[PDB]
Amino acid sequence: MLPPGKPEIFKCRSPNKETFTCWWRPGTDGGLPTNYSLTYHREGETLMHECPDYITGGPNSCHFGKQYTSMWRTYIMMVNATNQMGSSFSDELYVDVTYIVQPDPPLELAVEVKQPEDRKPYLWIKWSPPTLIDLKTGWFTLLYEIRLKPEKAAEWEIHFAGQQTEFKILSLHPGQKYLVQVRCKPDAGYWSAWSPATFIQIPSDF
């Protein structure tokens, strides 16, 4: 018997500056919505458009594929929640895809102990970029950070690796097991989540 509460578009994210997704939540408190419609227009245009993909991004989301995503051009978007009793509209949200970029984590993190003759031994760390990103053309640029720590240590040691996909670490404690993770961020935007840990035992004879 009640119209929906006021919905709110609470998050938008682009993993690769080529697509993006936005998510909304219902209002508490009002009736159950039976439909939502996300509409938007772009700076410089009067045309109103509907969300082109309500499926890809899962529940209460709008996914903008490559055909609908462009940088340096503000999206002005709104979501309405309707049921047979009435309707409610979110506040407008202004989105520049440029400033919502947060890559997925790096991949294939691998760690190896190297012990060369008469030179310092070292932990050799290697990884790959997230799959969705185009570094090769220069469209996207990634920076990386590694962290590692033994269990029960209070602090992670953090190493900024710049744009490399490998890294050498020298001062490690012989016999100790370390957890290592990597994360990445664009030149402009948000750090990814840390990758899952890879584990490494540093040999006693180190």
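Throughout, we count residues from 1 along the sequence that is shown.
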Out of 39-47 and 141-149, which stretch has the higher average CA B-factor listed in the record? 39-47
Between 20-28 and 178-186, point out the one with the higher average CA B-factor as the PDB entry records it. 20-28
Residue, from 83, 74, 128, 102, that the PDB entry assigns the highest Cα B-factor: 83
Tell me which of 91, 108, 134, 96 tops the list for C-alpha B factor in the record. 91
Should residue 62 be placed in the lowest, middle or highest third of its chain by the C-alpha B factor in the entry? lowest
By the record's CA B-factor, is residue 69 among the lowest, middle or highest third of residues in the chain? lowest
